Novice: 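The structure that follows is given in the form of structure tokens.
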Amino acid sequence: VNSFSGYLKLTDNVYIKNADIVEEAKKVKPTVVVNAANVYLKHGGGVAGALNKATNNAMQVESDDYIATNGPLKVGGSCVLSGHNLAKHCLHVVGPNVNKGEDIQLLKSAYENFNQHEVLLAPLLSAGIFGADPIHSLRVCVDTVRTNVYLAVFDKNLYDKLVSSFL
């Protein structure tokens, strides 16, 4: 049992809610919140910009140290950093960015990172400003993630379309 509330069950292990991931995280304080990261951990926009702002830029400061020590992530890759005031941990996952010409086939590899965590609060990878089709991202999520994933979709119109088109 966990405290996630108001989710619709899509499959045994995938749940979805029309919610602001920042507010979900602040309320639930999950063990893991997923960030829609880029390889440089530059949290400027989309989900990353929102999560970082909610940490008053502490996520960015921590990320800058991570990059100085380790260098960039790979597309499809991830790292675990602090969740600050949002969660115990933040799993920074890099989905392909179609607006950078990156190969959407790497989306499955990106979602595989979720399987290293028994429970996650997450956005749909490669959606929003990353340019991929969110319906396809949800399909890959369902077909890749085996651990328990609670998806937060802020945009109500998109949420409704994701539910109504789910196979």
Side-chain angles (χ1 to χ4, degrees), residues 7 10 14-26 30 32-64 66-67 70-87 89-114 117 120-145 149-166:
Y7 287 75
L10 296 176
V14 179
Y15 298 83
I16 194 167
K17 184 180 182 181
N18 183 201
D20 181 338
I21 192 171
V22 168
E23 293 312 306
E24 283 294 291
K26 287 197 290 192
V32 179
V33 65
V34 174
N35 182 32
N38 57 53
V39 297
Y40 302 112
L41 302 179
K42 287 175 166 311
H43 307 305
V47 169
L51 292 173
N52 177 56
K53 177 151 156 201
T55 76
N56 199 21
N57 211 49
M59 176 180 286
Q60 188 66 68
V61 172
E62 177 193 28
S63 292
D64 290 349
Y66 174 92
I67 296 288
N70 299 291
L73 302 179
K74 302 178 153 154
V75 179
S78 69
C79 66
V80 179
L81 289 173
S82 177
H84 300 275
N85 56 318
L86 303 178
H89 301 298
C90 178
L91 180 68
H92 293 274
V93 179
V94 184
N97 186 330
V98 174
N99 300 318
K100 296 179 179 179
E102 297 170 352
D103 190 352
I104 192 65
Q105 304 311 312
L106 291 161
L107 187 55
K108 186 171 186 76
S109 298
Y111 274 114
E112 287 171 342
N113 295 287
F114 288 26
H117 304 280
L120 315 89
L121 171 62
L124 286 168
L125 299 179
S126 296
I129 68 174
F130 282 66
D133 171 20
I135 292 171
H136 174 67
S137 181
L138 177 57
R139 185 73 273 164
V140 178
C141 181
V142 164
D143 295 339
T144 304
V145 182
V149 58
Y150 290 81
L151 295 168
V153 179
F154 184 61
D155 184 312
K156 176 183 164 311
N157 288 324
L158 174 60
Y159 170 84
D160 288 344
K161 181 188 200 204
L162 285 162
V163 171
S164 69
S165 65
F166 181 70

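FYI, side chains are in, hydrogens and waters are out, and symmetry mates aren't considered; it's all heavy atoms of this structure. Numbering starts at 1 and runs along the sequence shown.
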Novice: Compare every heavy atom of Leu81 with every heavy atom of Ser63, then report the nearest pair and how far apart it is.
Specialist: OG-CD1, 4.1 Å
Novice: With side chains defined as the heavy atoms from C-beta onward, is the minimum distance between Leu138 and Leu151 less than 4.5 Å?
Specialist: yes
Novice: Closest approach of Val93 and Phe114, non-hydrogen atoms and distance?
Specialist: CG2-CE1, 4.1 Å
Novice: Closest approach of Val34 and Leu125, non-hydrogen atoms and distance?
Specialist: CG1-CD2, 4.3 Å
Novice: Do side-chain atoms of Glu24 reach the backbone of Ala152 as a donor and acceptor pair under 3.5 angstrom?
Specialist: no
Novice: Indicate yes or no: at least one non-hydrogen side-chain atom of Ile21 is less than 4.5 angstrom from one of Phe154.
Specialist: no
Novice: With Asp155, which residues qualify under side chain to side chain contact (heavy atoms under 4.5 Å, CB included), at least two apart?
Specialist: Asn157, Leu158
Novice: Quick one: OH on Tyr7 to CG on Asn18, what's the gap to the nearest 0.5 Å?
Specialist: 10.5 Å
Novice: Measuring from atom CD1 of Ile104 to atom CZ of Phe130, what distance do you get when rounded to the nearest 0.5 angstrom?
Specialist: 11.0 Å
Novice: Check the pair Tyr15 / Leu121 against side-chain contact (heavy atoms from CB on, under 4.5 Å), numbers first and verdict last.
Specialist: CA-CA 10 Å; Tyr15 298 83; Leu121 171 62; over 6 Å; no
Novice: Mind listing the closest non-hydrogen atom pair of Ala127 and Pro134 along with its distance?
Specialist: CB-CB, 4.2 Å
Novice: Does the side chain of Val149 come within less than 4.5 Å of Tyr111's, by heavy atoms?
Specialist: no
Novice: Strictly distance-based, threshold 3.5 Å: is any side-chain N or O of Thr144 a donor or acceptor partner for the main-chain N or O of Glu112?
Specialist: no
Novice: Are side-chain heavy atoms of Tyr66 and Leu73 found at a separation under 4.5 Å?
Specialist: yes
Novice: Could you please spell out the steps behind the side-chain contact (heavy atoms from CB on, under 4.5 Å) verdict for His136 and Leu107?
Specialist: CA-CA 10 Å; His136 174 67; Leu107 187 55; 4.0 Å; yes
Novice: Could you check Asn38 against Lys100 for side-chain contact (heavy atoms from CB on, under 4.5 Å), going step by step and ending with a plain yes or no?
Specialist: CA-CA 11 Å; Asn38 57 53; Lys100 296 179 179 179; 4.0 Å; yes
Novice: Hey, is the main chain of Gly131 close enough, under 3.5 Å, to the side chain of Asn97 for a donor-acceptor pair?
Specialist: no
Novice: With a 4.5 Å limit on heavy-atom distance, are the side chains of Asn57 and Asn52 in contact?
Specialist: yes
Novice: Between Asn99 and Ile129, is there a donor-acceptor pair closer than 3.5 Å when you use the side chain of the first and the backbone of the second?
Specialist: yes
Novice: Does a side-chain heavy-atom distance below 4.5 Å link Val39 with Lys74?
Specialist: no
Novice: Could you measure the distance from the CG atom of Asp133 to the CZ atom of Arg139? Nearest 0.5 Å is fine.
Specialist: 12.5 Å
Novice: How long is the gap from CG on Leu120 to NE2 on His89, to the nearest 0.5 Å?
Specialist: 11.0 Å
Novice: With a 4.5 Å limit on heavy-atom distance, are the side chains of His84 and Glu62 in contact?
Specialist: yes
Novice: Considering the options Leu91, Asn35, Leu41, which one meets the side-chain contact (heavy atoms from CB on, under 4.5 Å) requirement together with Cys79?
Specialist: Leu41
Novice: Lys108 and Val140: which non-hydrogen atoms are nearest, and at how many Å?
Specialist: CA-CG1, 3.7 Å
Novice: Give the minimum heavy-atom separation between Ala25 and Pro30, together with the two atoms involved.
Specialist: O-CD, 3.6 Å
Novice: Give the ring-plane orientation class for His92 versus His43, where under 30° counts as parallel, over 60° as perpendicular and anything between as tilted.
Specialist: parallel
